[PDB]
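Undergrad: Under the deposited numbering, residues 1 to 149, 154 to 240 are what the sequence shown spells out, in order.
The beta-carbon is built from N, C-alpha and C at its ideal position, and this holds for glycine as well.
This is the structure, below, for whatever I ask next.
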Amino acid sequence: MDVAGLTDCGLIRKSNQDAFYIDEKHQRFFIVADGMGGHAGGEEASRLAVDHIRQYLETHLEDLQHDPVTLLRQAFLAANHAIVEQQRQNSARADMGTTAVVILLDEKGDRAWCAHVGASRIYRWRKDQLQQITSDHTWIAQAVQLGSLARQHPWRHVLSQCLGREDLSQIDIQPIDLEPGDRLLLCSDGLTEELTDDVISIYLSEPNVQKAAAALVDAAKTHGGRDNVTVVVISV
Ligand SMILES: [Ca+2]
Ligand SMILES: [Ca+2]
Ligand SMILES: [Mg+2]
Ligand SMILES: [Mg+2]
């Protein structure tokens, strides 16, 4: 398997509050986080999420990989608590929060557990078709699930769930089986606010994952780059 990861402040934002991690040693897990909060809170929250999820997975993967749902829930909860602790004792950053999307590959490497909180996304690509795997935790997406139909709504990026909340009430986890040649994309909404799924799907057809990741980021910026943008591209 081949993997590439890139983050970029974009063309507008003063600082980058996205973060990511790739397990380059064993290629077992991959993490993207999109932080929010003034007074540099967003940067702290996304960094905490990535570091705490990584550390939890590194520490507990051997013991728990037979129960990936429990493992991933506990990793996210560790991140959540770490952010809340810093809130509780950091008045200026009391509202900091972050999304996270995580892929954990099983040992064989052909099943991906997809875990998330927020509106960063995981997609799977296969033979020029693209499928969004995660369901955005936004009020606007929830409505679309129910009886109202959003891509232009001014509040589309308003989150209904986020790490950094004592009242975190949902961690979505589901497995996806993989075939050779599939690709997986983890991305912050800095990508999807600029590029339609059709466009994303084309860049993911680029044989070289290094180039595909660079192309997605460059395209997001060419289209406006109004937000921080982060991608991790995995080729199965
Ligand atoms: Ca952000
Ligand atoms: Ca964002
Ligand atoms: Mg097969
Ligand atoms: Mg644009």
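Residues in the same chain with beta-carbon distance under 6 angstroms from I177, minus the five sequence neighbours each way, listed in chain order, please.
TA: Within the same chain, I177 has close Cβ partners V69, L72 and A115.
Undergrad: What is the DSSP secondary structure of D63, reduced to helix, strand or coil?
TA: It is helical.
Undergrad: Out of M1, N16, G41 and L77, which has the shortest C-alpha to C-alpha gap to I22?
TA: Of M1, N16, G41 and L77, the residue nearest in Cα terms is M1.
Undergrad: Compute the minimum distance between the beta carbon of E183 and the heavy atoms of ligand 3, and state whether it is under 7 angstroms.
TA: Answer for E183: yes, Cβ within range of ligand 3.
Undergrad: When every heavy atom of ligand 4 is checked, does at least one fall within less than 7 angstroms of the C-beta of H227?
TA: Flag set: Cβ of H227 near ligand 4.
Undergrad: Assuming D181 is part of the beta strand (DSSP E), what are its boundary residues?
TA: First-last of the beta strand (DSSP E) with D181: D176 to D181.
Undergrad: DSSP puts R73 in a beta bridge; with which residues?
TA: Looking at the DSSP assignment, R73 forms no beta bridge with any residue, so it has no partner.
Undergrad: Would the C-beta of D34 count as close to ligand 2, meaning under 7 angstroms from any of its heavy atoms?
TA: Because some heavy atom of ligand 2 lies under 7 angstroms away, the Cβ of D34 counts as near it: yes.
Undergrad: Give every residue of the same chain whose Cβ lies closer than 7 angstroms to the Cβ of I133, excluding the five residues on either side of it in the sequence, and list them in chain order.
TA: So the qualifying residues of the chain are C114, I122, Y123, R124 and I180.
Undergrad: Exposed or buried, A82, counting other C-beta atoms within 10 Å across all chains shown (16 or more means buried)?
TA: When all chains shown are included, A82 counts as buried.
Undergrad: Using C-beta distances below 7 angstroms, list every residue in its chain close to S164, excluding the 5 sequence neighbours before and after it, in chain order.
TA: The residues are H137, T138, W139 and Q142.
Undergrad: With distances taken from CA atoms, which of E62, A75 and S148 is nearest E107?
TA: Selected option, being the one with the closest Cα: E62.
Undergrad: Can you check whether the CB of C166 is closer than 8 angstroms to the CB of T226?
TA: Result no, Cβ atoms of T226 and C166 do not sit closer than 8 angstroms.
Undergrad: Verify the contact flag: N16, CB atom, against every heavy atom of ligand 2, threshold strictly below 7 angstroms.
TA: No; taking the cut-off as 7 angstroms, the Cβ of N16 has no heavy atom of ligand 2 nearer than that.
Undergrad: Run the proximity test for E198: is its beta-carbon closer than 7 angstroms to any non-hydrogen atom belonging to ligand 4?
TA: Yes, the Cβ of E198 comes within 7 angstroms of a heavy atom of ligand 4.
Undergrad: Can you check DSSP and say which residues form a bridge with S239?
TA: Paired residues: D2 and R187.
Undergrad: Mind checking whether the beta-carbon of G38 lies closer than 7 angstroms to any heavy atom of ligand 1?
TA: Answer for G38: no, Cβ out of range of ligand 1.
Undergrad: Are the stretch 85–97 and the stretch 180–195 touching, with three or more C-beta to C-beta distances below 8 angstroms?
TA: At 8 angstroms Cβ cutoff, the stretches do not touch.
Undergrad: Taking 7 angstroms as the cut-off, is the beta-carbon of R230 closer than that to any non-hydrogen atom of ligand 5?
TA: As for ligand 5, it is missing from this structure, which binds only ligand 1, ligand 2, ligand 3 and ligand 4.
Undergrad: How about the stretch 2–18 and the stretch 209–223: do they share at least three Cβ pairs that are nearer than 8 angstroms?
TA: Yes, since at least three Cβ pairs between the stretch 2–18 and the stretch 209–223 fall closer than 8 angstroms, the two stretches touch.
Undergrad: Starting from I133, follow the alpha helix (DSSP H) in both directions and report where the run begins and ends.
TA: Taken as a continuous stretch (DSSP letters only), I133 belongs to no alpha helix (DSSP H), as it is neither H nor E.
Undergrad: Taking just the CA atoms, how far does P158 sit from residue 150?
TA: Coordinates for residue 150 are absent; the numbering of the chain skips from 149 straight to 154.
Undergrad: Among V101, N16 and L188, which residue has its Cα nearest to the Cα of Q129?
TA: Cα-wise, what sits closest to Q129 is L188.
Undergrad: In angstroms with no decimal places, state the Cα-to-Cα distance between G38 and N80.
TA: One C-alpha to the other measures close to 18 angstroms.
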